[PDB]
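Please read the structure below before turning to the comments.
Reconstructed Cβ throughout: ideal geometry from the backbone, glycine too, with neighbour counts over all protein chains shown. The numbers here are math on the coordinates, done by the rules we state, and not lab data.
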Amino acid sequence: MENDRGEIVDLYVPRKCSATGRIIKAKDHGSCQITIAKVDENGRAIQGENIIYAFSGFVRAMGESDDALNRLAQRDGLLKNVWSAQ
Amino acid sequence: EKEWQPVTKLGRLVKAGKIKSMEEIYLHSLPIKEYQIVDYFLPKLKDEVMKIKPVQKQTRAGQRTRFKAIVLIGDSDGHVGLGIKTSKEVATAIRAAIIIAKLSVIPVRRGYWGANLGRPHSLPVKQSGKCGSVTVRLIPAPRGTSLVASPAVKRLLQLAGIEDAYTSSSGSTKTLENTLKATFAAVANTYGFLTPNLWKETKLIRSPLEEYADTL
Amino acid sequence: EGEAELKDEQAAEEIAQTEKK
Amino acid sequence: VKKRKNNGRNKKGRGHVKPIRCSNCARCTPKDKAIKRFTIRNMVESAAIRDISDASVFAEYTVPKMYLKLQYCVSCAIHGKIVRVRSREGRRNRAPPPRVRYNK
Amino acid sequence: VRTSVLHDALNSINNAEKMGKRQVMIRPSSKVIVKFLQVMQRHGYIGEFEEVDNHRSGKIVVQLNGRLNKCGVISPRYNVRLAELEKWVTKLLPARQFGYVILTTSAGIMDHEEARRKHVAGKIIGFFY
Amino acid sequence: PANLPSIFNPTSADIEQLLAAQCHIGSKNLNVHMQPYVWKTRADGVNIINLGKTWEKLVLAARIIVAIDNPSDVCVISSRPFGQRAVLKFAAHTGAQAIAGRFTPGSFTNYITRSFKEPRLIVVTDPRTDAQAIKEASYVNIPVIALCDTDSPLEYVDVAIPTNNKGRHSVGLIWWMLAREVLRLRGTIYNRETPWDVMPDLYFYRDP
Amino acid sequence: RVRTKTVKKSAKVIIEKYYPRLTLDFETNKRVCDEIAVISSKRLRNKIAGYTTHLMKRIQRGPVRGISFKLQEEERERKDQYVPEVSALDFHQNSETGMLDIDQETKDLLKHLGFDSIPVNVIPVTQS
RNA sequence: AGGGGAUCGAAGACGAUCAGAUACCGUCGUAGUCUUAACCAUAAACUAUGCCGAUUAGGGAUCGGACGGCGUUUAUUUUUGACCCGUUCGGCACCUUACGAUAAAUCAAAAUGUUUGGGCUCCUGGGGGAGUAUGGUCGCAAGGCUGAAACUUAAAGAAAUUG
Ligand SMILES: [Mg+2]
Ligand SMILES: [Mg+2]
Ligand SMILES: [Mg+2]
Ligand SMILES: [Mg+2]
Ligand SMILES: [Mg+2]
Ligand SMILES: [Mg+2]
Ligand SMILES: [Mg+2]
Ligand SMILES: [Mg+2]
Ligand SMILES: [Mg+2]
Ligand SMILES: [Mg+2]
Ligand SMILES: [Mg+2]
Ligand SMILES: [Mg+2]
Ligand SMILES: [Zn+2]
């Protein structure tokens, strides 16, 4: 982002891919958002708090996004012993 | 002519005024398929036709003529787009071409040359694009100089809001239609370059489509 | 013919508009 | 332009191959380029099979077979209607045709 | 035969980053290579790197974190005075605000901006931005 | 266990259900991307999938399902005959639209067709036989969850459920368990231990 | 002698809207169609009655794809709740000896997950 | 220059076809087609794609060597040989795909190039005149290598589309 005197001058600030870090351009169809619910102690789903991930079309097209999602879920404590390095 | 009937969820949301401005649509990268969206947010979009060219096709009697039109739109302050359409009669071609031009409006990123003094005037980086044997490159330039470019692409840069730049072309630039599409791709890639000032992580928020409830 | 239609339409802003004499 | 990726020859890894004589016009073509057909048929036609059977002196008899391997140049190939022109996409299909096993 | 291990290393890094990997392997390792990596690290363009030590030459495994656009090498090592060093930054850098050109001088190899601060010149070996 | 309690471990009865439908049998072909979901390959035989990873991936898919505000935005697709009844019953029990049989290409892109939909999520039985649905999904930014066997394309598929994907019982059982999880995570079932009153064989296929 | 789309569409819509009042007899359908429809031609009315009476001859003997009438749909969703009393997957009743058969590395998989109490018998499989 | 000379067959001589047919078709037929001792050095000599080195995606075949394994077959029989399953090195190739490249046909290289530098050698600059004239050089000769100018022209040419 650019600045002149401490005030924002950019028209807008784009987001970044979680899997690879590339910026998702505008009009880049094929980039999706994944929303994960949050569960309580007795198993019910509390409404309105969720965890958001974004994947770009470039990373989606070759097809490893399923494994990237496994990596992120395991990092954030959503899954158990599903991803590992050989 | 008269008031329009929404067909998509986005159209209903705009009709109810549930979305603020175009930048969140750009942020979430949502497709646009309806030209009343752009002109509801952006009045005073100027349009200007380049030329009209006949196209032939052989038939028993002779040759069948169609007309192809080149149309671009822009607001001179960071929005620009173009459309291409051919039809059996010229007049239909101009009105239909304007629709695609409105549908293809994209935002541009404008940066600084050297020191910053408000109101960015030039490209942030040097960018170039190629479309079938035509390559056009844009280079940031110091404040004060005018646009150094061909008359055809000078209009596109004028309507895109860019104030200072250097231009260079390669390949067979004789195809005016292809040249404009190559310049449009180069300008389209301005937001695609990752400058060091964008390294800060951002927070992801839910899209308006997901968190709003549409009307029946 | 294409040139004829562009002047004839008189509903669009062309790049260059001739001024009669 | 290449009409075929293999140059219509099936020869990669060597420089030369001895030619053969066409079985119809006696032309010379490389062996790997020629079209080869192997044919197995009976000595006598199916209507005559019985006539040989009851004219034999060996009680039950089994007529012998006849085996030939003909090979043609491409010029004689599509004039004898052994093979025919295919479409652009259908050219790159080297599976043998499925012979009819029901015959309506 | 192998004529530039530096070129091999930067080419492998550029290919893996452009294709989105996170780890890279470099077969030959040298002192100039490691000194280049430290310059990249001091600006944050890469992460950890490891040099396994077999007795032949050693190897390198670099950890990538995106954020890197391209890193190339100039094969003929030209001689550049201090006065014309701005020609190169005008030539092969997208903008003056960011980007670095790597030089070799009598005070070790270093980037062009603090090398200008040190008021020293030498030979050019590569660049990255 | 930052974001999951210990009550979500699969019960013995569930694993029983899994191993009773022969859902752990794969094809000769082994995709490279499905290597993590492989226990061992049988000596002189097929690969074997790890059901333990199936349990969490199924729960994660249900957690994806619940995030949609109104159930009518979820769409479920099936083309092969073996999944028509199970998909329709899933649509009836939960809230979701179902597309069974022909897909009528252009459904997600053309706004004048009768079968015009604006879904927020797509669930697919088989990527290979439903490639057209995924291809058109790639144009307008909708995530897809799909059932996959040992050999299967992973093009544009964010979530994959390892399963037989070709058995008669396996497809129905997986669709039934997924529906059960969706209702369990909502307030419909009201309790984890209490059993559901619908019989698993309801999500099956009948010849006539 | 092939019938055009206008008759095809009119015959399908009449059959699905009004199934039971008309039968396989052509004479009855001749008077049924013109009373409940506005048709400008006598021969065209004959065209519709003649083809429409053909459909019920083959519907009477087995259903035909592409045609659905009020009686026909209701049969489907009454029949689709069929469900047995013992599950086909369930084997405690279906198999006389409750214990079932698996292969070796499947038993090893059970060992890994901890569900050892399942009663199964392991048999090796190999041909080579 | 010697030997050999079955079969085909430049040149040649006849028979037909044709308005003509020094050709296509048919019967003969010399040099040649083979070999020994010496010259000649050109081919659509083609993958029309120079040589060395690094990286980049999935698959299944297959030739040579090595390593592991459950079995079958078989012999003065075991270890070896044959068949089967999996891994690896080095080759002649093939199928799908495009994140990539090109004007396109198409390409795992024709990729890592307007964000342009790993090392080395050769060749081309609109079409004709022209691979011609002349000089030099090699060869018994046929010919090879090197190689212009005067003059003339606004188009030749490549890939693909509808007829
Ligand atoms: Mg060889
Ligand atoms: Mg040759
Ligand atoms: Mg003599
Ligand atoms: Mg002699
Ligand atoms: Mg002759
Ligand atoms: Mg003769
Ligand atoms: Mg030559
Ligand atoms: Mg050559
Ligand atoms: Mg060569
Ligand atoms: Mg062995
Ligand atoms: Mg031409
Ligand atoms: Mg041509
Ligand atoms: Zn022939």
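How large is the dipole of chain G about the Cα centre if only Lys and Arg carry +1 and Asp and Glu carry -1, each at its Cβ, rounded to the nearest 20 debye?
Result for chain G is approximately 2320 debye, rounded to the nearest 20.
Distance from the C-alpha centroid of region B:151-216 to that of region F:1-21: 50 Å, rounded to the whole angstrom.
Placing unit charges on each Cβ (+1 for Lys and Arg, -1 for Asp and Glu) gives the protein assembly as shown a dipole about its Cα centre, and among F:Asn70, F:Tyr37, B:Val80 the Cα reaching farthest toward its positive end belongs to B:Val80. Per residue of D:87-93, other chain Cβ atoms within 10 Å of the residue Cβ number 0 on average. Given D:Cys22, D:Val1, D:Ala34, which one lies farthest toward the positive end of the charge dipole of region D:1-54, if we put +1 on the Cβ of every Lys and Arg and -1 on the Cβ of every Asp and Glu? It is D:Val1, whose Cα lies furthest towards the positive end.
Under 27 Å of direct C-alpha separation, and excluding same-chain neighbours fewer than eight residues apart, G:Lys5 reaches these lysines: G:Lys17, G:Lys30, G:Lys42, G:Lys47, G:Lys57, G:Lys70.
Determine the relative contact order of region F:116-191: mean sequence separation of Cα pairs under 8 Å and six or more apart, normalised by residue count, in whole percent.
In percent, rounded to a whole number, it is 23.
Rounded to the nearest 20 debye, the dipole magnitude of chain F is 240 debye, with +1 charges on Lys and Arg beta carbons, -1 on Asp and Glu beta carbons, and the Cα centre as origin.
Relative to its residue count, region B:90-216 spans a Cα convex hull of 187 Å³ per residue. Which residues among region A:12-52 fall inside the zone where the amide N is under 20 Å from a point 7 Å beyond the Cα of F:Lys135, along Cα→Cβ? Taking a point 7 Å out along Cα→Cβ of F:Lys135, the residues of region A:12-52 whose backbone N falls under 20 Å are A:29-31.
Evaluating kT/(6 pi eta Rh) at 37 °C and 0.692 mPa s, with the Kirkwood radius of chain D over Cα pairs in the Stokes-Einstein relation, gives 186 µm² s⁻¹. What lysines sit close enough to B:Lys44 to cross-link, taking a C-alpha to C-alpha distance under 25 Å and skipping anything fewer than 8 places away on the same chain? Qualifying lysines at Cα under 25 Å: A:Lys27, B:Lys2, B:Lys15, B:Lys18, B:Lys20, B:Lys33, B:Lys85, B:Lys102, B:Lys154, B:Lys181, C:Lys7. Estimated from the Cβ-Cβ distance and a Förster radius of 45 angstrom, the FRET efficiency linking E:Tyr78 and D:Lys3 is about 0.35.
For a test of the definition: using alpha carbon positions, the gyration tensor, and the 1.5 limit on a/c, classify region B:1-55 as rounded, prolate or oblate. Prolate shape, in that a/c is at least 1.5 and a/b is the bigger ratio.
For the protein assembly as shown, DSSP calls about 75 percent of its internal beta bridges antiparallel. Over all other residues within a Cβ to Cβ distance under 13 Å of B:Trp113, the charged ones net out to +2, with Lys and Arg as +1 and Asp and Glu as -1.
In terms of its C-alpha gyration tensor, region F:62-181 has a rounded overall shape, because the principal axis ratio a/c (a ≥ b ≥ c, square roots of the eigenvalues) stays below 1.5. Rounded to the nearest whole Hz, the Karplus-based 3J(HN,Hα) values (6.51 cos²θ - 1.76 cosθ + 1.60, θ = phi - 60°) of region B:62-72 follow the sequence x, 10, 9, 10, 10, 10, 10, 10, 10, 9, 10, with x at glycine and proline.
Distance from the Cα centroid of region B:60-133 to that of region G:1-48 is 57 Å (rounded to whole angstrom). Name the longest site-free stretch of chain G, where the excluded sites are GluC sites (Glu not before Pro) in a DSSP loop with no more than 10 other beta-carbon atoms within 10 Å. After excluding every exposed loop site, the longest remaining stretch is G:1-84.
Close amide H contacts of B:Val134 (hydrogens built in the peptide plane, cut-off under 5 Å, sequence separation of 5 or more or a different chain): none are found. With the convex hull drawn over the C-alpha atoms of the protein assembly as shown, the volume per residue is 381 Å³.
Distance between the pseudo-spin-label points of E:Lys59 and G:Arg1 (7 Å out from Cα toward the beta carbon): 8.3 nm.
Model label points for E:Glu114 and F:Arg192, set 7 angstrom from Cα along the Cα-to-Cβ axis, are 5.5 nm apart.
Between the alpha-carbon centres of region F:158-196 and region A:48-85 there is a gap of 22 Å. Report, in listed order, any pair from D:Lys12/D:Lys33; B:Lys51/B:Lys88; B:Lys130/D:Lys2; G:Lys12/G:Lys79 with a Cα-Cα distance greater than 20 Å. Exceeds cut-off: B:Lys130/D:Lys2; G:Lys12/G:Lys79.
Listed as lacking a disulfide-compatible partner in the protein assembly as shown: A:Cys17, A:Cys32, B:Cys131, D:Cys25, D:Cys28, D:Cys76, E:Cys71, F:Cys23, F:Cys75, F:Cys148, G:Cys33, by the criterion of no other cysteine Cβ under 4.7 Å. For a paramagnetic label modelled on D:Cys28 (point 7 Å from Cα along Cα→Cβ), amide N atoms under 18 Å away belong, within region D:1-18, to D:15-18.
The percentage of C-alpha pairs in region G:3-96 whose separation is greater than 20 Å is 48%.
Considering only DSSP states other than H, G, I, E and B, which trypsin sites (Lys or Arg not before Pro) in region E:16-80 qualify as loop sites with at most 10 other Cβ atoms within 10 Å?
For trypsin sites (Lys or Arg not before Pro) across region E:16-80 that sit outside H, G, I, E and B with at most 10 neighbouring Cβ atoms in 10 Å, the list reads E:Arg56.
For region E:49-64, backbone phi angles converted through the Karplus equation (6.51, -1.76, 1.60; θ = phi - 60°) give residue-by-residue couplings of 9, 10, 10, 6, 10, 7, 6, 7, 9, x, 10, 10, 10, 9, 10, 9 Hz, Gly and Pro being listed as x. Highest mean packing comes first when the peptides F:180-192, D:66-78 are listed by Cβ atoms within 10 Å, giving F:180-192, D:66-78. Relative contact order, whole percent, for region F:58-208 stands at 25, derived from Cα pairs under 8 Å and 6 or more residues apart. Taking the Cα centre of the protein assembly as shown as reference, the dipole from Cβ charges on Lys and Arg (+1) and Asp and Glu (-1) amounts to some 5820 debye. Per residue, the average separation of C-alpha pairs within less than 8 Å and at least 6 apart gives chain E a relative contact order of 23 percent.
Taking every DSSP beta bridge that has both residues in chain F, what percent is antiparallel when rounded to the nearest 5? For chain F, the DSSP antiparallel bridge percentage is about 10. Applying the Karplus relation 6.51 cos²θ - 1.76 cosθ + 1.60 with θ = phi - 60° to region B:187-200 yields 3J(HN,Hα) values of 5, 5, 8, 4, 6, x, 9, 8, 7, x, 6, 9, 5, 5 Hz, where x marks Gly and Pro. Considering only G:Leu110, G:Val64, G:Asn94, the residue lying farthest towards the positive end of the dipole of chain G is G:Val64, judged by Cα position with unit charges set on Cβ. The mean number of partner chain beta-carbon atoms within 10 angstrom of a residue's beta-carbon across peptide F:138-145 is 5. Close amide H partners of F:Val76, meaning residues 5 or more places away or on another chain with modelled amide H under 5 Å apart, are F:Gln97, F:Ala98, F:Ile99, F:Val123. Taking the average, over residues, of other Cβ atoms within 10 Å as the packing measure, peptides F:45-58, D:8-21 rank F:45-58, D:8-21 from highest down. In this simple spin-label approximation, F:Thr109 and D:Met66 carry label points 7 Å from Cα along the Cα→Cβ vector, and these lie 6.0 nm apart.
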